[PDB]
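Trainee: Encoded as structure tokens, here's the structure I'll be asking about.
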Amino acid sequence: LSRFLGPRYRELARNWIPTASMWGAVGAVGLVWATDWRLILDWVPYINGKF
Amino acid sequence: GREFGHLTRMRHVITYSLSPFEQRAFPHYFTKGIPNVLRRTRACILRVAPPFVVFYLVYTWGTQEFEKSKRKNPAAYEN
Amino acid sequence: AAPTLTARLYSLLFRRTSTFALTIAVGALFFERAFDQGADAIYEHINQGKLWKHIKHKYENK
Amino acid sequence: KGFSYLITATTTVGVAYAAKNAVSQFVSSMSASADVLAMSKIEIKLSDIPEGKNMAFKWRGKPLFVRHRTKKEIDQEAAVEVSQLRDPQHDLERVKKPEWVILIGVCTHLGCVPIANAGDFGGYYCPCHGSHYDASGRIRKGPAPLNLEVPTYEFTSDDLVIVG
Amino acid sequence: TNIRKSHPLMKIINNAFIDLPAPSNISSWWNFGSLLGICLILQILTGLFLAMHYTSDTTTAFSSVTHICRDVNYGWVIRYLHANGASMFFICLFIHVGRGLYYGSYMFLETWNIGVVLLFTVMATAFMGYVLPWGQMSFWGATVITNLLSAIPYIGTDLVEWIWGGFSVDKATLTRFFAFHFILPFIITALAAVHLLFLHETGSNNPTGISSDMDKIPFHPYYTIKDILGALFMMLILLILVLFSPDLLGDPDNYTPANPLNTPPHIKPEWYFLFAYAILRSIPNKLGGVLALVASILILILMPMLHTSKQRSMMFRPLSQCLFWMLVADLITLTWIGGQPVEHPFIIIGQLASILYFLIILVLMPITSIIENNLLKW
Amino acid sequence: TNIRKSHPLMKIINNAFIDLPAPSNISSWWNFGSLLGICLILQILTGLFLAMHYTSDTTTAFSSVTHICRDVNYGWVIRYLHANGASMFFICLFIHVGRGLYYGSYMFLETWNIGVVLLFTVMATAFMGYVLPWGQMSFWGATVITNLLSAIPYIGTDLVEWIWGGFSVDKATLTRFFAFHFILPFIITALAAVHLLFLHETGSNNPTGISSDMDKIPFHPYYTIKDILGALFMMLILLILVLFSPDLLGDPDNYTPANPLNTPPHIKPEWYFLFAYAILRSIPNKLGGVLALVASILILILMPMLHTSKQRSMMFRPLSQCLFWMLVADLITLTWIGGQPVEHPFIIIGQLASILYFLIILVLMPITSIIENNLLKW
Amino acid sequence: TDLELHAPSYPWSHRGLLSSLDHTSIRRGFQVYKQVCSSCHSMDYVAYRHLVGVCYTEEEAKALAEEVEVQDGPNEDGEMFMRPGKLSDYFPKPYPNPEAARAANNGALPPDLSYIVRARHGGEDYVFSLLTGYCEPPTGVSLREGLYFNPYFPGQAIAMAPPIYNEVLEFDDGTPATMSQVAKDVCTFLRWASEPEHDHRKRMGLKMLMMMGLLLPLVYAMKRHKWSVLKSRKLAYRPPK
Amino acid sequence: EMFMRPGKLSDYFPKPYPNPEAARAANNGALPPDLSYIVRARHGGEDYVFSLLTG
Ligand SMILES: CCCCCCCCCCCCCCCCC[C@@H](O)O[C@H](CO[C@H](O)CCCCCCCCCCCCCCC)COP(=O)(O)OCC[N+](C)(C)C
Ligand code: HEC
Ligand code: HEM
Ligand code: HEM
Ligand code: HEM
Ligand code: HEM
Ligand code: FES
């Protein structure tokens, strides 16, 4: 399990963070778009499907 | 298996492609096809139309004829 | 010639798949509301008068 | 590449929106039906019963002990000291009209429903655990520490009571 | 190291849907079988959401169907999708049979026969599901069609008694059909998987008919997007036929509650069976009508033996292709004759249509195939 | 030109049971899995005819189950077989899981994971079939276990509402559990076939824990006979279990029709849930008993990872064995508690049971194997 | 053996493929149902639900539902009494049993309104047709004394007495009640009852066409995009000898 | 619609009351149990149900 540890692995995760973090943001906002989540839709000036 | 790695013998036949991005999707897509469509058309309408027209004719044939055996009856049954 | 706004727009969101998915998400979020309400107001507009929402007035707020 | 990727992206968006549509449809189906929808939050029978009696109007299928309690039973609420309660709750906060009250038949444990018009406190008696209840149905004896649930409700029209 | 070739399951999918070699020159007709594969799952989930309300009781069912059409949240869409969508299933299925017969993909014998058994299975599921909705056509239709087996000199009349579970149509018989109707589709899935499994290990047919082993081409880059487009356009056909033509596809009369008492004017069987039912009009003796009925589907098996023309297909042979179109036209004949209320001219037309429907393939096709062979040293 | 080997149609079976090598040393325990397979097939054929007559709303329910119980021919026969076929199917099952945890056959990777998936799927299957009879047990049991899904602070209560099809425990909801129970096992047989598909090339296992790579045996002459003999024993114990004492292991002691006000003294299912159900009783507040409710079963995936022995078969690690059989004692203890309604002395036995579980699996055994890694000087 | 008369198609407002039923004639046809249409026949499948969104606010839907009251069931004893009229209640029970209608109608039960549009060939237009089809018999054709001859009935002689007549029912709207316009209100209302979701369905259907139109060209463009490599390609054959 | 006949052999044994609330009146709020399965409806057994009436 200790193998995960390593000098490149620190740099490597450092490198991969933007791509996977971006996915989380994309996945999160998209998931909000899919469940049509409430309270954030309060915060959008345009997409208020509510009257 | 029968996958590409081992199949039929084939030799000094050669391919010339292009990257999709380098070429536009619709190279004269209109003008080239219409004569083709129409030629395929004149090719097989000769072998497709007659069953369907014969069918339509028999359709109105039996419908109208039996209808004449149908609506017209009281005169056919006489007084 | 000089790159089109679309051209630099490639170098932006398209080339990176995460950002690509992102613009797909925001694009869905806008296409949803805008097209949805477009179909709203238009459907309301075509066969006008068949709608009872405009005929609510016979019986609303006295 | 920006051009054709623009194509693929736009296709992806229209398809994703369409997907949210049809999946929303398929989830919407299971979620409810119009008949149970009409069943919902509708039971307009205030004062169906004489005061002091405990009526059991059905709601969400589950019977619901509505009651036009006598004022003397609000006095029954007043008499027992508030801190004697494991869950100090004077009745007036628990009901809009003090003469009125509603109770779920469910208890926190098995869910078993105590009998109406049977209780040493002048209210309920609970056979499943020996818990005893006054007119409020207020929690007294355990194991359950909390009150039987009293879901919010409004007497929309004055005699047309609507739980929910 | 290799990921698709890593996991053995992935090895299987990569031997197939990821990258099985395929002919390149394929047209839409081959897209249609994939369209069947599209329809199947859709009917399954749709029927699942329907199975969340429908009852198999003689009494309580219809009220639950009304629970569907009016109570359920957008479930009416589901109702019509399961119905009309099944209709679409048969649509594509017929084109598909036409293709396999036309481009001679029946040359893959075992694959072909599994296709046949799959066909009978689909027919049965069709009939019984059609019995389910529980209405006038449901009742009298199921009764009448069931009666056919009584044509058997001994066993069959007994057998109807066995299906019904009683003297007549009833919660017995209805729940019976609900269960058979449910169990078969899942069988159809496994037969499909087995079917493709026969297909992979012989290679796919090509529009040319002549082998394209030299021209085999990767599946994923190309045909996946092709079939996606094809499914999306069928989705157009279906959604336009449901949101704009909600009812026309079927036979109103089921809309009336069933009465063993009250009896419908005409009891036209639902349209995909019409040619089959037309053949019930074909000849005297109900027994032989049942025989020819089963033979109408059974006869397909003869063809690979009956085939003898050098083509593995039928596109470079307009000659025999003409006999083909005469046969298709003949199917149109049996169709529309089956649609009409029974009449004498319809009777004679149905007779000769049936005789010719067998004889084009028992007489014309093989022998003209022989003379066609004589013309060019075949 | 072997009809078996050469012919693709059956080749997978030659890859399978006809001629897969298997270790020369195999006890009845490895035969148990095949026993479980046969039991599954029987559950299908039995549940099927049940559905052939069973049907329900709120109204049709127990009257129809009794329709089986008397009115249906041999209906009591089938329903008694099925009800006792369940817990017997588990007799094959938890024993197969137990031996699986023992000999370290979970050195095989994905077979273990998917096996666990089959475990949950069967869990929900039995629970969602259990409401079919619509006895008062079915009602309040389904009510409670459905209430367990309220543990989620947000979505879970609605998901309860959403499985319900509405607000209450209704005919719609029973219809849900009906069709779900009525389809889900087919997913089970699919994943099971996939589970064997993981098993194929990996080979089997031996009691010894040393690979019999040199000593594998053809399956058909031997292990098949052993399978059939096992089938006779399982069928024997089942038929004795039911034809003589149908209500022995069978405990549906609420033939009382379900009522909103009615509530039986014990709101508990059969034993196969109860030892898990008891876990809820131990820790106060449902939430932690929910995390336990899943993870206590879900932790089996962690077992291959935390494995620390250098050797397959625990037969050679006596201390971990003792702890293991003690785990057997802890779980049977959870069952016996599961028959016991919530009480203080059983509260203490409750948390003691939980902690006993935790320490027995999660920590102790690997440390033991470390200690004999010292004793064997590995 | 005799033919049923074949009702000609008529151009109703909703038959336009984009066209929707208006809530108007459905409302007035509902006023046609509120009184004269209780001869029964039936509408029991549909309660006063559905009526809310089309024309009637909740309290007004209930107000509409107290107009008549079906029996409450027995409670703890106290069997059989009349609940005032929530919308959750159904339309009035036509008869304690249909057989009573058969006694009331020479044994021929009057059919439920709910499917009569959907079930009959020729549909709603046919229902509007038979209402107005009461032609006199020609000489020499027999009729039962209760029967009121009308060609649109398949047996040519419907038992029904023409419920419609000039000025059948003055509307609360106050709009004039010619047998034509009131019958059009009838069958429009029926088509409503026949397909409650219809007006809503068209909106969904129209919306889908736009979605399909956008999708149909784009995805096709991607097919051209991925097949262009194969369509373009040139091949050559150069023998080694 | 309502009338009386001997009722053929096929029929079920007669309802004590037209409606259950009548049984919730005759005993007041406590309708008697169905008997056909009531033995099999209780924990214990035939000895239990007989015990229930034994004393
Ligand atoms: C769903 C839950 C079920 C629970 C219980 C499951 C029980 C499973 C039981 C089935 C397992 C198989 C039973 C074991 C039988 C032992 C083998 C026996 O049959 O002998 C075989 C013989 O089998 C036959 O030969 C097979 C071919 C002949 C089949 C003809 C069928 C005849 C009767 C069928 C009647 C059907 C009538 C249908 C009318 C429509 C050969 O195998 P073997 O042990 O090595 O014997 C060696 C001796 N030799 C030399 C004679 C061969
Ligand atoms: C004469 C009593 C009576 C009148 C008044 C009446 N109904 Fe009818 N209606 C009947 C009966 C009985 C039939 C069918 C008689 C028959 O088919 O022989 C019928 C037939 C019909 C039919 C066509 C049925 C068919 O088989 O073609 C329609 C449409 C119809 N009525 C509309 C209505 C409606 C809606 C009402 C309001 C309830 C109404 N008429 C008033 C009892 C009546
Ligand atoms: C819905 C169930 C079915 C499935 C999933 C299935 C598989 C379909 C599909 C997917 C194809 C392969 C070609 C393609 O779509 O790209 C075709 C395989 C095949 N099926 Fe079936 N089939 C089904 C029912 C039938 C029936 C009823 C017949 C008629 C006998 C049949 C005859 C064939 C043939 C001949 C092939 C080989 C493909 C080829 O050579 O072009 N299929 N069908
Ligand atoms: C392709 C094979 C199938 C066919 C031909 C078939 C028949 C289809 C069709 C034709 C409808 C009838 C709707 C109507 O007539 O109004 C529906 C009958 C029915 N099927 Fe299946 N079915 C099939 C697979 C399934 C599956 C997999 C399920 C469940 C998961 C299912 C659940 C139903 C129900 C509930 C009905 C009756 C619906 C009604 O009353 O309208 N079907 N399906
Ligand atoms: C229908 C359900 C199942 C089938 C058909 C299946 C396959 C069964 C059977 C047939 C074996 C094969 C080994 C032998 O024949 O001796 C065993 C494979 C295996 N299963 Fe499952 N299994 C099933 C459910 C489970 C469950 C719930 C678990 C535990 C989570 C599990 C753990 C294993 C293991 C470890 C093996 C490989 C055993 C070896 O090394 O020989 N199985 N079980
Ligand atoms: C191994 C999986 C299955 C188990 C353990 C099982 C037993 C389940 C459950 C747990 C019960 C109620 C309690 C009981 O009698 O055991 C229900 C019994 C029943 N099952 Fe199954 N079943 C299973 C698969 C099926 C399938 C696939 C069907 C439909 C084809 C089905 C139809 C029924 C019916 C109608 C009952 C109640 C009748 C009775 O036996 O008393 N079951 N289901
Ligand atoms: S059972 Fe919860 S308080 Fe008595």
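Chain labels run A, B, ... following the order of the structure tokens; each chain numbers its residues from 1, and ligands are numbered from 1 in the order shown.
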Grab the Cα RMSD for chain F fitted onto chain E, all atoms paired in sequence order, one decimal please.
Mentor: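 Once chain F is overlaid on chain E, the RMSD is 1.0 Å.
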Trainee: So that I can check the surroundings of range 287-290 of chain F, please list as a VMD selection string every protein, DNA and RNA residue that reaches within 9 Å of it, counting only C-alpha atoms and ignoring chain neighbours fewer than 6 positions away.
Mentor: chain F and resid 148 to 152 277 279 to 281
Trainee: For residue 314 in chain F, find every residue with an atom within 12 Å (counting only C-alpha atoms), except residues of its own chain fewer than 2 positions away, and show them as a PDB file with N, CA and C atoms, in the first residue's frame.
Mentor:
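Result saved to selection06.pdb:
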ATOM      1  N   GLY F  98     -19.398 -19.054   3.801  1.00  0.00           N
ATOM      2  CA  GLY F  98     -18.573 -19.365   4.947  1.00  0.00           C
ATOM      3  C   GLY F  98     -17.343 -20.120   4.512  1.00  0.00           C
ATOM      4  N   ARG F  99     -17.548 -21.177   3.737  1.00  0.00           N
ATOM      5  CA  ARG F  99     -16.429 -21.935   3.217  1.00  0.00           C
ATOM      6  C   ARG F  99     -15.593 -21.059   2.307  1.00  0.00           C
ATOM      7  N   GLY F 100     -16.244 -20.116   1.633  1.00  0.00           N
ATOM      8  CA  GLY F 100     -15.531 -19.210   0.756  1.00  0.00           C
ATOM      9  C   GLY F 100     -14.585 -18.332   1.547  1.00  0.00           C
ATOM     10  N   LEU F 101     -15.011 -17.932   2.739  1.00  0.00           N
ATOM     11  CA  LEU F 101     -14.185 -17.084   3.587  1.00  0.00           C
ATOM     12  C   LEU F 101     -13.071 -17.914   4.202  1.00  0.00           C
ATOM     13  N   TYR F 102     -13.235 -19.226   4.156  1.00  0.00           N
ATOM     14  CA  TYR F 102     -12.374 -20.102   4.921  1.00  0.00           C
ATOM     15  C   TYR F 102     -11.146 -20.551   4.141  1.00  0.00           C
ATOM     16  N   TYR F 103     -11.360 -21.149   2.977  1.00  0.00           N
ATOM     17  CA  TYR F 103     -10.269 -21.751   2.216  1.00  0.00           C
ATOM     18  C   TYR F 103      -9.518 -20.734   1.377  1.00  0.00           C
ATOM     19  N   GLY F 104      -9.959 -19.482   1.426  1.00  0.00           N
ATOM     20  CA  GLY F 104      -9.271 -18.429   0.709  1.00  0.00           C
ATOM     21  C   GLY F 104      -9.425 -18.549  -0.791  1.00  0.00           C
ATOM     22  N   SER F 105     -10.602 -18.972  -1.234  1.00  0.00           N
ATOM     23  CA  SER F 105     -10.880 -19.036  -2.659  1.00  0.00           C
ATOM     24  C   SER F 105     -11.118 -17.631  -3.186  1.00  0.00           C
ATOM     25  N   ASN F 206      -8.513 -25.888  -3.907  1.00  0.00           N
ATOM     26  CA  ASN F 206      -8.453 -27.127  -3.147  1.00  0.00           C
ATOM     27  C   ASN F 206      -8.532 -26.854  -1.652  1.00  0.00           C
ATOM     28  N   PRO F 207      -8.963 -27.852  -0.867  1.00  0.00           N
ATOM     29  CA  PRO F 207      -8.970 -27.693   0.586  1.00  0.00           C
ATOM     30  C   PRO F 207      -7.582 -27.403   1.134  1.00  0.00           C
ATOM     31  N   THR F 208      -6.563 -27.966   0.494  1.00  0.00           N
ATOM     32  CA  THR F 208      -5.197 -27.847   0.981  1.00  0.00           C
ATOM     33  C   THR F 208      -4.689 -26.405   0.953  1.00  0.00           C
ATOM     34  N   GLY F 209      -5.139 -25.635  -0.030  1.00  0.00           N
ATOM     35  CA  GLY F 209      -4.632 -24.290  -0.224  1.00  0.00           C
ATOM     36  C   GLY F 209      -3.391 -24.229  -1.093  1.00  0.00           C
ATOM     37  N   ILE F 210      -2.926 -25.392  -1.540  1.00  0.00           N
ATOM     38  CA  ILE F 210      -1.866 -25.460  -2.541  1.00  0.00           C
ATOM     39  C   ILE F 210      -2.477 -25.788  -3.894  1.00  0.00           C
ATOM     40  N   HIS F 307      -6.190  -9.659   3.827  1.00  0.00           N
ATOM     41  CA  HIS F 307      -5.613 -10.988   3.956  1.00  0.00           C
ATOM     42  C   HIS F 307      -4.108 -10.873   4.118  1.00  0.00           C
ATOM     43  N   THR F 308      -3.544 -11.621   5.060  1.00  0.00           N
ATOM     44  CA  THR F 308      -2.127 -11.476   5.373  1.00  0.00           C
ATOM     45  C   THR F 308      -1.397 -12.806   5.482  1.00  0.00           C
ATOM     46  N   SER F 309      -2.120 -13.905   5.325  1.00  0.00           N
ATOM     47  CA  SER F 309      -1.477 -15.206   5.334  1.00  0.00           C
ATOM     48  C   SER F 309      -0.703 -15.418   4.054  1.00  0.00           C
ATOM     49  N   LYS F 310       0.377 -16.178   4.151  1.00  0.00           N
ATOM     50  CA  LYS F 310       1.175 -16.518   2.988  1.00  0.00           C
ATOM     51  C   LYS F 310       0.628 -17.767   2.315  1.00  0.00           C
ATOM     52  N   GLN F 311      -0.454 -18.303   2.869  1.00  0.00           N
ATOM     53  CA  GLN F 311      -0.958 -19.605   2.457  1.00  0.00           C
ATOM     54  C   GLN F 311      -2.482 -19.621   2.322  1.00  0.00           C
ATOM     55  N   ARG F 312      -2.987 -20.205   1.238  1.00  0.00           N
ATOM     56  CA  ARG F 312      -4.417 -20.480   1.124  1.00  0.00           C
ATOM     57  C   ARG F 312      -4.802 -21.633   2.039  1.00  0.00           C
ATOM     58  N   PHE F 316      -4.602 -24.403   8.108  1.00  0.00           N
ATOM     59  CA  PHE F 316      -3.233 -24.385   8.585  1.00  0.00           C
ATOM     60  C   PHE F 316      -2.931 -23.177   9.466  1.00  0.00           C
ATOM     61  N   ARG F 317      -3.968 -22.436   9.840  1.00  0.00           N
ATOM     62  CA  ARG F 317      -3.824 -21.326  10.781  1.00  0.00           C
ATOM     63  C   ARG F 317      -4.865 -21.404  11.889  1.00  0.00           C
ATOM     64  N   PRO F 318      -4.615 -22.264  12.887  1.00  0.00           N
ATOM     65  CA  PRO F 318      -5.583 -22.656  13.919  1.00  0.00           C
ATOM     66  C   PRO F 318      -6.181 -21.513  14.738  1.00  0.00           C
ATOM     67  N   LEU F 319      -5.404 -20.472  15.020  1.00  0.00           N
ATOM     68  CA  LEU F 319      -5.914 -19.401  15.868  1.00  0.00           C
ATOM     69  C   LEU F 319      -7.005 -18.626  15.143  1.00  0.00           C
ATOM     70  N   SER F 320      -6.734 -18.301  13.884  1.00  0.00           N
ATOM     71  CA  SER F 320      -7.699 -17.606  13.049  1.00  0.00           C
ATOM     72  C   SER F 320      -8.933 -18.474  12.849  1.00  0.00           C
ATOM     73  N   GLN F 321      -8.740 -19.789  12.845  1.00  0.00           N
ATOM     74  CA  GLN F 321      -9.878 -20.688  12.819  1.00  0.00           C
ATOM     75  C   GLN F 321     -10.724 -20.518  14.055  1.00  0.00           C
ATOM     76  N   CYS F 322     -10.086 -20.515  15.219  1.00  0.00           N
ATOM     77  CA  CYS F 322     -10.849 -20.434  16.452  1.00  0.00           C
ATOM     78  C   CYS F 322     -11.638 -19.135  16.476  1.00  0.00           C
ATOM     79  N   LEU F 323     -11.002 -18.059  16.025  1.00  0.00           N
ATOM     80  CA  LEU F 323     -11.671 -16.767  15.977  1.00  0.00           C
ATOM     81  C   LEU F 323     -12.829 -16.793  14.987  1.00  0.00           C
ATOM     82  N   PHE F 324     -12.647 -17.547  13.911  1.00  0.00           N
ATOM     83  CA  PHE F 324     -13.655 -17.685  12.869  1.00  0.00           C
ATOM     84  C   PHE F 324     -14.909 -18.406  13.350  1.00  0.00           C
ATOM     85  N   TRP F 325     -14.716 -19.547  14.001  1.00  0.00           N
ATOM     86  CA  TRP F 325     -15.839 -20.293  14.532  1.00  0.00           C
ATOM     87  C   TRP F 325     -16.493 -19.472  15.633  1.00  0.00           C
ATOM     88  N   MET F 365      -7.702 -11.808  13.212  1.00  0.00           N
ATOM     89  CA  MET F 365      -7.179 -12.892  12.382  1.00  0.00           C
ATOM     90  C   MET F 365      -5.876 -12.540  11.667  1.00  0.00           C
ATOM     91  N   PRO F 366      -5.819 -11.374  10.993  1.00  0.00           N
ATOM     92  CA  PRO F 366      -4.535 -11.070  10.360  1.00  0.00           C
ATOM     93  C   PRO F 366      -3.364 -11.003  11.331  1.00  0.00           C
ATOM     94  N   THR F 368      -3.069 -12.737  13.977  1.00  0.00           N
ATOM     95  CA  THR F 368      -2.765 -14.112  14.308  1.00  0.00           C
ATOM     96  C   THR F 368      -1.852 -14.660  13.227  1.00  0.00           C
ATOM     97  N   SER F 369      -2.254 -14.469  11.974  1.00  0.00           N
ATOM     98  CA  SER F 369      -1.483 -14.972  10.844  1.00  0.00           C
ATOM     99  C   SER F 369      -0.096 -14.352  10.819  1.00  0.00           C
ATOM    100  N   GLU F 372       1.882 -16.410  13.376  1.00  0.00           N
ATOM    101  CA  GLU F 372       2.402 -17.667  12.851  1.00  0.00           C
ATOM    102  C   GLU F 372       3.327 -17.425  11.665  1.00  0.00           C
TER     103      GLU F 372
END
Trainee: Using only C-alpha atoms, which protein or nucleic acid residues come within 9 Å of residue 147 in chain G? Drop anything in the same chain fewer than 6 positions from it, and give the result as a PDB file with C-alpha atoms, in the first residue's frame.
Mentor:
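Saved the output as out32.pdb:
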ATOM      1  CA  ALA G 157     -82.671   2.165 -34.866  1.00  0.00           C
ATOM      2  CA  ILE G 158     -81.189   3.453 -31.636  1.00  0.00           C
ATOM      3  CA  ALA G 159     -83.310   2.992 -28.533  1.00  0.00           C
ATOM      4  CA  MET G 160     -82.319   6.467 -27.406  1.00  0.00           C
ATOM      5  CA  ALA G 161     -84.791   9.312 -27.615  1.00  0.00           C
TER       6      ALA G 161
END
Trainee: So that I can see what lies close to range 217-227 of chain E, please list as a PyMOL selection string the residues with an atom at most 7 Å from it, counting only C-alpha atoms and leaving out residues fewer than 4 positions away in the same chain.
Mentor: (chain E and resi 17-24+31+34+231) or (chain G and resi 223+226-227)
Trainee: Neighbours of ligand 6 at 8 Å or closer, counting only C-alpha atoms and all ligand atoms: which residues, as a PyMOL selection string?
Mentor: (chain E and resi 179+183) or (chain F and resi 39-40+43-55+65+68-69+76+78-87+89+122+125-133+181-186+250+252)
Trainee: Limited to C-alpha atoms, could you put the picked residues into a file as a PDB file, in the first residue's frame?
Mentor:
ATOM      1  CA  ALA E 179     -47.089 -14.822 -16.861  1.00  0.00           C
ATOM      2  CA  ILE E 183     -41.366 -14.933 -19.135  1.00  0.00           C
TER       3      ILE E 183
ATOM      4  CA  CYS F  39     -31.840 -24.414  -5.855  1.00  0.00           C
ATOM      5  CA  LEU F  40     -31.940 -21.192  -7.857  1.00  0.00           C
ATOM      6  CA  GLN F  43     -36.807 -21.005  -7.193  1.00  0.00           C
ATOM      7  CA  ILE F  44     -37.438 -19.791 -10.701  1.00  0.00           C
ATOM      8  CA  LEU F  45     -39.715 -22.642 -11.753  1.00  0.00           C
ATOM      9  CA  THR F  46     -41.617 -22.483  -8.496  1.00  0.00           C
ATOM     10  CA  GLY F  47     -41.968 -18.734  -8.307  1.00  0.00           C
ATOM     11  CA  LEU F  48     -43.103 -18.856 -11.915  1.00  0.00           C
ATOM     12  CA  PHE F  49     -46.154 -21.049 -11.410  1.00  0.00           C
ATOM     13  CA  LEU F  50     -46.839 -19.073  -8.287  1.00  0.00           C
ATOM     14  CA  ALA F  51     -47.136 -16.066 -10.556  1.00  0.00           C
ATOM     15  CA  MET F  52     -49.159 -18.214 -12.968  1.00  0.00           C
ATOM     16  CA  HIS F  53     -51.889 -18.102 -10.384  1.00  0.00           C
ATOM     17  CA  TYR F  54     -50.848 -15.372  -7.960  1.00  0.00           C
ATOM     18  CA  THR F  55     -51.988 -11.817  -8.566  1.00  0.00           C
ATOM     19  CA  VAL F  65     -52.522 -16.226  -1.892  1.00  0.00           C
ATOM     20  CA  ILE F  68     -53.148 -20.720  -4.118  1.00  0.00           C
ATOM     21  CA  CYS F  69     -53.285 -22.247  -0.683  1.00  0.00           C
ATOM     22  CA  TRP F  76     -50.393 -25.401  -1.142  1.00  0.00           C
ATOM     23  CA  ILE F  78     -46.035 -25.084  -4.485  1.00  0.00           C
ATOM     24  CA  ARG F  79     -46.293 -22.247  -2.005  1.00  0.00           C
ATOM     25  CA  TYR F  80     -45.002 -24.466   0.781  1.00  0.00           C
ATOM     26  CA  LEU F  81     -42.104 -25.567  -1.427  1.00  0.00           C
ATOM     27  CA  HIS F  82     -41.279 -22.040  -2.296  1.00  0.00           C
ATOM     28  CA  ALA F  83     -41.454 -20.600   1.191  1.00  0.00           C
ATOM     29  CA  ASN F  84     -39.149 -23.322   2.491  1.00  0.00           C
ATOM     30  CA  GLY F  85     -37.093 -23.177  -0.685  1.00  0.00           C
ATOM     31  CA  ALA F  86     -35.883 -19.741   0.327  1.00  0.00           C
ATOM     32  CA  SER F  87     -34.207 -20.385   3.628  1.00  0.00           C
ATOM     33  CA  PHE F  89     -31.424 -21.703  -0.697  1.00  0.00           C
ATOM     34  CA  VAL F 122     -30.650 -11.944  -3.454  1.00  0.00           C
ATOM     35  CA  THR F 125     -34.968 -10.192  -3.847  1.00  0.00           C
ATOM     36  CA  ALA F 126     -36.177 -12.161  -0.854  1.00  0.00           C
ATOM     37  CA  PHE F 127     -37.262  -9.014   0.934  1.00  0.00           C
ATOM     38  CA  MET F 128     -39.198  -7.756  -2.068  1.00  0.00           C
ATOM     39  CA  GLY F 129     -40.753 -11.142  -2.669  1.00  0.00           C
ATOM     40  CA  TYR F 130     -41.629 -11.367   0.981  1.00  0.00           C
ATOM     41  CA  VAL F 131     -44.285  -8.696   0.630  1.00  0.00           C
ATOM     42  CA  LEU F 132     -46.035 -10.711  -2.088  1.00  0.00           C
ATOM     43  CA  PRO F 133     -48.084 -12.790   0.391  1.00  0.00           C
ATOM     44  CA  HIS F 181     -39.274  -9.364  -7.380  1.00  0.00           C
ATOM     45  CA  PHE F 182     -40.642 -10.724 -10.600  1.00  0.00           C
ATOM     46  CA  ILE F 183     -37.722  -9.532 -12.732  1.00  0.00           C
ATOM     47  CA  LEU F 184     -34.722  -9.158 -10.417  1.00  0.00           C
ATOM     48  CA  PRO F 185     -33.823 -12.876 -10.221  1.00  0.00           C
ATOM     49  CA  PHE F 186     -33.202 -12.940 -13.977  1.00  0.00           C
ATOM     50  CA  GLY F 250     -41.370 -21.276   7.727  1.00  0.00           C
ATOM     51  CA  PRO F 252     -45.205 -16.298   8.459  1.00  0.00           C
TER      52      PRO F 252
END
Trainee: Please determine, counting only C-alpha atoms and all ligand atoms, which residue among E:256, E:374, E:27, E:143 has the shortest atom-to-atom distance to ligand 2.
Mentor: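 Counting only C-alpha atoms and all ligand atoms, the residue closest to ligand 2 is E:256.
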Trainee: Can you work out the spacing between CA of residue 64 in chain D and CA of residue 129 in chain D in Å, to one decimal?
Mentor: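 It comes out at 20.2 Å.
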